[PDB]
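Structure, as structure tokens:
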Amino acid sequence: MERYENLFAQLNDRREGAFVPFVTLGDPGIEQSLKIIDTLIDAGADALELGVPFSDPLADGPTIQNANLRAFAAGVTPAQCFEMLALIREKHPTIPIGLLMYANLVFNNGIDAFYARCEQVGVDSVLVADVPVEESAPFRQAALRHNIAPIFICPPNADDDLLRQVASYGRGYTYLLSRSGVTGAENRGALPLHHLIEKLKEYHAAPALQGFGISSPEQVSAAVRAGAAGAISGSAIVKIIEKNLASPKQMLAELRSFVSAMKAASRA
Amino acid sequence: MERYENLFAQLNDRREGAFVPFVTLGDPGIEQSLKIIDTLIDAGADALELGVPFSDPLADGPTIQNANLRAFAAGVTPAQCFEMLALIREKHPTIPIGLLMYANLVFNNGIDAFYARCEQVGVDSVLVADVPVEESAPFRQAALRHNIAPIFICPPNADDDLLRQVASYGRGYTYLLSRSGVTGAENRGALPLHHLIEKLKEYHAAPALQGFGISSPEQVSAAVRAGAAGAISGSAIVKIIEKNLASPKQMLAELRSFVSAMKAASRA
Amino acid sequence: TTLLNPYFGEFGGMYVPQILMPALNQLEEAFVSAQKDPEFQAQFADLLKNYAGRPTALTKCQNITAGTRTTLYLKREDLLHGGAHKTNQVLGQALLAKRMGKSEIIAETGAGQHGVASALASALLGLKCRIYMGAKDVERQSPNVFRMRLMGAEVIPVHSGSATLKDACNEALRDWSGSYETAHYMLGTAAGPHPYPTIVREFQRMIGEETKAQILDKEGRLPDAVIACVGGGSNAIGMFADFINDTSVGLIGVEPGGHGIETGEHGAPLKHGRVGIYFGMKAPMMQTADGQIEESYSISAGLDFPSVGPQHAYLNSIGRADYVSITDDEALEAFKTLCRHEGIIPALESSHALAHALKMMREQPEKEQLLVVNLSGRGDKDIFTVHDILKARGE
Amino acid sequence: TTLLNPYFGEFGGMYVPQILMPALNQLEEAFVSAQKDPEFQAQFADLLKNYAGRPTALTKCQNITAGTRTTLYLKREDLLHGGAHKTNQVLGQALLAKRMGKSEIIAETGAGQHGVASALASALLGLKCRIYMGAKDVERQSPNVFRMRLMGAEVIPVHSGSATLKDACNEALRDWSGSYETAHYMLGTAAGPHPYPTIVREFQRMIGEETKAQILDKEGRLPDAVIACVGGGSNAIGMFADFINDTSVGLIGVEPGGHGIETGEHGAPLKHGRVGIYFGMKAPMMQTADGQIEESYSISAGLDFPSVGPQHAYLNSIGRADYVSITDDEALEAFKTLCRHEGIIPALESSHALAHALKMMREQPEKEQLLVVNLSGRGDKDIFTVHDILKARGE
Ligand SMILES: O=P(O)(O)OCCNS(=O)(=O)c1ccc(OC(F)(F)F)cc1
Ligand SMILES: O=P(O)(O)OCCNS(=O)(=O)c1ccc(OC(F)(F)F)cc1
Ligand SMILES: C=C(/N=C/c1c(COP(=O)(O)O)cnc(C)c1O)C(=O)O
Ligand SMILES: C=C(/N=C/c1c(COP(=O)(O)O)cnc(C)c1O)C(=O)O
Ligand SMILES: [Cl-]
Ligand SMILES: [Cl-]
Ligand SMILES: [Cl-]
Ligand SMILES: [Cl-]
Ligand SMILES: [Cl-]
Ligand SMILES: [Cl-]
Ligand SMILES: [Cl-]
Ligand SMILES: [Cl-]
Ligand SMILES: [Cl-]
Ligand SMILES: [Cl-]
Ligand SMILES: [Cl-]
Ligand SMILES: [Cl-]
Ligand SMILES: [Cs+]
Ligand SMILES: [Cs+]
Ligand SMILES: [Cs+]
Ligand SMILES: [Cs+]
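The listed protein sequences derive, respectively, from chains A, A', B and B'. A prime marks a further copy of an entry chain.
For the first sequence, the deposited numbering gives the first residue as 1, with consecutive numbering after it.
For the second sequence, the deposited numbering gives the first residue as 1, with consecutive numbering after it.
For the third sequence, the deposited numbering gives the first residue as 2, with consecutive numbering after it.
For the fourth sequence, the deposited numbering gives the first residue as 2, with consecutive numbering after it.
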């Protein structure tokens with residue numbers, strides 16, 4: 001499918017950036033997680049980034065570590081995540097869905113079979129956090145064979161060789177990392193680096209989404225003004241879940257408010 | 001003076017051995033200690049061996065260690081011991097009195113002055129427990145200059161050279177050690193070694209008193225029958241003191257009984 | 002692109018977030034440069050000799066092999082400054098850190114021996130050291146926590162997951178992914194992303210080099226086998242490296258069997274796990290059916306890790322090295338035996354290697370065999386743990 | 002009659018109950034015999050090298066002398082098997098015990114390092130070991146109690162007197178006076194009756210011999226001074242012996258100053274005591290006006306003794322060696338300084354020597370001086386004690 005290509009074309013026509021929330025699938029349980037995701041979409045999310053719970057998420061800080069733990073406490077497995085994904089797609093036919101994966105979960109029972117499952121349920125992209133471009137060949141090959149976009153990362157200090165590889169190997173969108181470190185709302189990334197944004201465009205890379213530490217509308221506006229196609233926010237969204245565990249209605253109201261504000265900022 | 005020579009002559013005339021108790025001077029206090037000593041004499045002691053409390057008595061086992069500690073708890077010092085000795089002698093003009101000393105107490109403010117003090121108060125012998133014959137010269141010289149008998153030890157394994165040195169250097173009596181180890185009533189020494197007794201006589205040594213672990217009349221009888229001139233008992237006597245601290249009248253009655261029985265055994 | 006091969010057959014690689022790739026490439030280039038630099042080699046050699054106390058003794062057991070045809074020597078890494086083999090490669094990596102213009106060190110530790118090594122090297126060479134340690138290990142290896150702090154290192158308890166070595170590893174790598182501009186990650190075992198398995202081997206290989214020279218001097222031949230415990234794999238690869246091309250010399254690695262392989266409470270992925278990707282490497286690991294990483298277990302904190310370095314996975318695959326396991330109770334018996342019959346108190350990690358050598362002897366007591374056990378560390382850190390066990394046991 | 006001189010000037014001798022004289026003469030004859038026996042020398046040398054780890058390193062301090070004209074080396078007895086210099090002479094005395102047909106060992110210990118040494122040597126050489134230790138020291142040096150027991154030694158707490166080293170000494174000698182037919186008394190310091198001060202010196206003298214060779218190699222000259230802490234005197238005489246005839250080389254011994262000499266709570270009889278007779282020797286001791294032996298005090302159990310070996314009293318009397326004191330607080334500062342700036346955790350006993358060397362440097366920082374400190378042991382046994390202090394102190 002062409003879900004990211006179609007989204008970015010539509011956003012361009014409207015002179016708009018993307019707002020893409022991240023949540024952990026099954027946090028704090030399967031049913032509540034499905035309601036959370038429907039709320040994100042209803043409130044204006046342009047695409048989704050969805051985590052499959054993993055035992056040792058080494059690119060995530062405490063907030064998302066804790067999301068993974070809550071999902072595990074609810075007994076969430078990758079198989080249940082794929083069941084959820086099928087239900088999400090069945091409701092929402094056009095929204096791009098990207099998975100945040102750790103390598104072992106993809107490699108586990110065969111890389112090809114993983115990507116084949118993704119295609120079956122209608123996932124659009126997979127980002128494998130601990131697989132750099134240098135180790136990516138079997139992952140990106142399997143992704144493309146199953147019509148899945150493999151997502152690669154452009155770090156702040158990316159050299160020219162890396163820029164060219166990311167532009168060539170990736171599809172769907174390019175991940176523009178705000179900063180070093182791990183996920184976390186408290187650690188605010190720098191302004192989007194115009195030089196990287198411009199080089200990725202020169203090399204015809206998939207459109208850039210800025211992520212890590214994006215927790216406020218101002219940062220979303222700044223990303224789009226710098227020329228990024230949009231922004232991803234995870235920890236800020238997950239904190240709303242964590243805060244409101246005993247108050248599910250309040251959880252959804254606060255998620256709706258936040259997502260709506262972040263999306264409004266993408267029009268800047 | 002000739003107090004040991006006179007005693008042994010008298011005992012020989014009566015075909016009798018000596019019984020010589022040991023106590024710590026000032027255990028459990030000065031006044032009670034003086035009463036204890038008068039009781040020992042009244043009950044038949046032929047001579048006395050009297051300890052001056054010392055901080056680290058390395059030839060003594062727990063019983064006599066504890067006697068030293070009780071005297072210290074009563075604030076007993078060597079000066080007070082010399083005051084006691086003067087009082088004992090003033091009451092009892094002929095009984096031989098021997099001191100059990102550790103070297104530091106003799107060496108402390110001058111060896112000569114120590115022996116001069118002994119003569120002043122009318123002490124007859126000094127046994128320095130941690131000075132072997134090999135180190136004895138200044139001690140025995142000072143003793144003889146002040147008419148004090150220096151006492152030397154014949155251990156069970158004494159060789160011929162040692163037998164000759166002890167016979168030559170000692171006066172008053174020869175200490176015939178029952179066994180290796182330290183003082184203690186529970187650890188019974190062997191029978192007097194006839195060979196040592198006979199060799200000491202061949203070499204014209206001062207008469208032998210057997211000591212260490214002698215706690216019963218039978219052992220006193222055995223010492224005399226083997227040809228020793230008598231026997232010393234310390235721990236057995238001190239245990240009676242320790243047992244009866246809250247019962248001073250009972251203490252003296254039991255000391256009297258024990259001493260009387262031990263002395264009776266010396267006639268065997 | 003790399004200067005050196007990141008793989009050992011199928012195993013190894015550089016499975017880290019893209020952000021960290023420049024740091025790994027920088028470390029690899031600095032290592033290649035240093036390895037050909039006579040000044041660097043002289044500085045490293047001087048520290049090993051005059052500071053750490055190399056060469057370490059090779060001790061012939063006088064008592065524990067009596068009545069058998071086994072001759073057993075112990076390579077005495079327990080006598081190295083700090084009390085374990087860990088000190089060797091820390092001195093090399095600390096010099097690399099300085100070479101790269103870095104003034105801070107991150108390390109993980111389980112037994113606390115790598116943490117002690119990192120702290121002592123940082124104090125000596127003027128680096129600011131922070132050490133991650135699982136909270137369970139903070140308790141069971143407590144003497145090492147006191148040692149690290151007295152040397153001015155910051156010790157950070159890790160309560161997440163199993164609160165043991167893998168959890169400390171996770172936190173160390175998370176930290177480095179944010180602090181690499183100023184901090185060197187002084188990884189303490191022959192595992193993790195390239196170039197660490199290579200650097201750690203090359204900075205531990207004096208163990209086997211000295212062993213070879215010492216056994217030739219004393220016996221006039223090579224050993225029939227060299228035996229070492231395997232956590233991440235550093236002391237074993239340090240002992241093995243110089244013998245790999247001596248085809249007659251057996252290489253035996255001992256993984257922790259924990260409460261028994263059958264209980265699932267062990268740390269023996271090389272023989273009982275399956276290949277996965279975690280902690281920057283493709284290697285055998287203990288994992289669930291779905292590919293979640295399992296928590297390991299061992300009485301010994303230094304072996305309590307659910308993976309293993311990729312060179313060991315490789316040497317096993319081709320049959321050049323054999324890997325076995327030893328349970329907690331076997332390790333404890335070997336600990337007691339060495340204390341009482343040789344007057345050496347071994348680390349519980351090292352006791353796994355000894356236990357296997359004692360089994361080789363006892364199983365076949367008329368088999369003529371010349372063995373070397375790598376006695377990777379001393380057991381001061383373990384004496385409270387062992388005491389508590391033997392007491393509860395009713396000894 | 003003896004084969005060797007029991008005195009050093011006025012000091013020394015054989016002030017024991019007559020019962021023990023044959024045992025001392027037997028030990029002296031066995032020592033003289035062994036010293037001329039190439040098989041004995043070869044056995045002792047082999048144990049020192051291949052079991053204990055000699056020669057020990059001589060480490061140049063890189064950091065603590067910065068900005069001064071002091072060059073400081075540390076003789077690394079902390080790297081010897083067991084963790085202190087005590088192990089050297091225990092290996093020699095254990096071989097003497099076997100030579101004399103004895104199968105049991107008695108030892109006293111304060112810091113627990115001599116007890117650990119005695120226990121390890123007994124385990125290795127097949128002797129039954131019992132160790133007396135003051136009850137206060139059982140508490141403040143507790144890691145060593147665990148170590149001794151794991152090696153199969155019997156550890157007997159002594160509650161009498163000060164419950165410290167002198168009290169353990171008293172009990173050891175009392176025991177020996179009853180058990181000498183089967184037991185060797187493995188006295189752990191250069192004190193007590195002849196021939197112990199001589200034997201201990203001769204079986205510790207490799208410390209100074211190696212130091213001399215090492216400093217000649219590294220500096221091309223002798224040290225301006227060698228500095229060692231003094232309890233009974235073994236590590237100091239071991240360092241001093243080979244330098245006595247090098248008249249340019251200063252010999253500096255450091256007694257424990259405790260809470261301060263003026264408080265009377267110290268262990269510095271050589272400089273603040275007076276000659277007495279105790280523990281088999283004529284030597285300086287802390288004593289009352291009437292000649293009772295005083296209780297000493299030091300933060301360090303190994304120095305907490307109210308006398309000193311007779312050769313040190315002699316060397317002082319003739320001016321060949323100088324003796325100073327260091328307080329508990331000075332020792333603690335030196336401990337902290339070495340941990341944080343050199344990455345070495347020293348025994349608190351050894352920290353007294355270091356503290357004095359640091360004073361020599363700091364008092365006269367432009368004085369050119371080449372110093373060696375005997376770092377007599379490692380501080381693992383002390384880490385709990387020091388931690389508790391620094392915490393109560395509010396650090
Ligand atoms: O808003 P924050 O700070 O929580 O960031 C959320 C990001 N969630 S995500 O799925 O895009 C994401 C993307 C990449 C990650 O690691 C990698 F860069 F190494 F690949 C991890 C998470
Ligand atoms: O009856 P016991 O077992 O208590 O023995 C009591 C002995 N008391 S004593 O003064 O004769 C005495 C005699 C000699 C001593 O030591 C020495 F032999 F080394 F010199 C100690 C005490
Ligand atoms: C993990 C640690 N120790 C491991 C260890 C090991 C096992 O790690 P290697 O496989 O890397 O040698 C062996 N022996 C000793 C004395 C050890 O301390 C640590 O100290 O951090
Ligand atoms: C008394 C003991 N230790 C003393 C000691 C001393 C002081 O004792 P010498 O004066 O005998 O060296 C110095 N350094 C270390 C490490 C020590 O352990 C003992 O371990 O029994
Ligand atoms: Cl899979
Ligand atoms: Cl595509
Ligand atoms: Cl006097
Ligand atoms: Cl006379
Ligand atoms: Cl980067
Ligand atoms: Cl940090
Ligand atoms: Cl950084
Ligand atoms: Cl073989
Ligand atoms: Cl004898
Ligand atoms: Cl006994
Ligand atoms: Cl005996
Ligand atoms: Cl000088
Ligand atoms: Cs053998
Ligand atoms: Cs392991
Ligand atoms: Cs200097
Ligand atoms: Cs002292």
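We put the beta carbon where it would ideally sit given N, CA and C, even for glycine.
Determine the DSSP secondary structure at residue i, reduced to helix, strand or coil.
| i | result |
| --- | --- |
| residue 328 of chain B' | strand |
| residue 143 of chain A | helix |
| residue 93 of chain B' | helix |
| residue 217 of chain A' | helix |
| residue 188 of chain A | coil |
| residue 190 of chain B | coil |
| residue 260 of chain B' | coil |
| residue 24 of chain A' | strand |
| residue 443 of chain B' | There is no way to answer for residue 443 of chain B', as the model of chain B' reaches only from 2 to 396. |
| residue 121 of chain A' | helix |
| residue 133 of chain B' | strand |
| residue 231 of chain A' | strand |
When you compare the CB positions of residue i and residue j, do they come within less than 8 Å of one another, or not?
| i | j | result |
| --- | --- | --- |
| residue 153 of chain A | residue 191 of chain A | no |
| residue 103 of chain B | residue 373 of chain B | no |
| residue 41 of chain B' | residue 96 of chain B' | yes |
| residue 215 of chain B | residue 239 of chain B | no |
| residue 67 of chain B | residue 87 of chain B | no |
| residue 297 of chain B | residue 306 of chain B | yes |
| residue 50 of chain A' | residue 99 of chain A' | yes |
| residue 203 of chain B' | residue 36 of chain B' | yes |
Examine ligand 10 and report whether any of its heavy atoms sits within less than 7 Å of the Cβ of residue i.
| i | result |
| --- | --- |
| residue 180 of chain B | yes |
Less than 7 Å separating the Cβ of residue i from some heavy atom of ligand 5?
| i | result |
| --- | --- |
| residue 28 of chain B | no |
If you measure from the CB of residue i, is any heavy atom of ligand 2 nearer than 7 Å?
| i | result |
| --- | --- |
| residue 49 of chain A' | yes |
Kindly list the residues whose CB is nearer than 8 Å to the CB of residue i, restricted to its own chain and excluding five residues on each side of it in sequence; keep chain order.
| i | result |
| --- | --- |
| residue 197 of chain A | 176, 208, 226, 227 and 228 |
When every heavy atom of ligand 20 is checked, does at least one fall within less than 7 Å of the C-beta of residue i?
| i | result |
| --- | --- |
| residue 189 of chain A' | no |
Is residue i near ligand 9, judged by its Cβ being under 7 Å from some heavy atom?
| i | result |
| --- | --- |
| residue 132 of chain A | no |
Please return the same chain residues whose Cβ sits closer than 6 Å to the Cβ of residue i, not counting the five positions on each side in sequence.
| i | result |
| --- | --- |
| residue 214 of chain A | 231 and 233 |
### Query
Is there contact between the region 234 to 243 of chain A and the region 61 to 68 of chain A, where contact requires at least three CB pairs shorter than 8 Å?
With the cut-off at 8 Å, the region 234 to 243 of chain A and the region 61 to 68 of chain A touch.
### Query
Taking one C-beta from the region 187 to 194 of chain B and one from the region 232 to 249 of chain B each time, how about it: are there three or more such pairs within less than 8 Å?
By the criterion of at least three beta-carbon pairs nearer than 8 Å, the region 187 to 194 of chain B is in contact with the region 232 to 249 of chain B.
#### Entry: Contact between the region 13 to 28 of chain A' and the region 252 to 266 of chain A (3+ Cβ pairs under 8 Å)
Contact between the region 13 to 28 of chain A' and the region 252 to 266 of chain A is absent: fewer than 3 CB-CB pairs across the two stretches fall below 8 Å.
### Message
Measuring CB atoms only, is the region 347 to 365 of chain B touching the region 223 to 231 of chain B, in the sense that at least three cross pairs come out at less than 8 Å?
### Response
Result yes; three or more Cβ-Cβ pairs closer than 8 Å.
### Query
Is the region 121 to 132 of chain B' close to the region 152 to 161 of chain B', with three or more CB pairs under 8 Å?
Short answer: they touch.
#### Entry: Segment contact, 8 Å Cβ cut-off, at least three pairs: the region 32 to 41 of chain A' with the region 76 to 90 of chain A'
Verdict: yes, contact present.
### Query
Do the region 171 to 178 of chain B' and the region 266 to 277 of chain B' make contact, defined as three or more Cβ pairs closer than 8 Å?
As far as the Cβ criterion goes, the region 171 to 178 of chain B' does not touch the region 266 to 277 of chain B', which means the pair count is below three.
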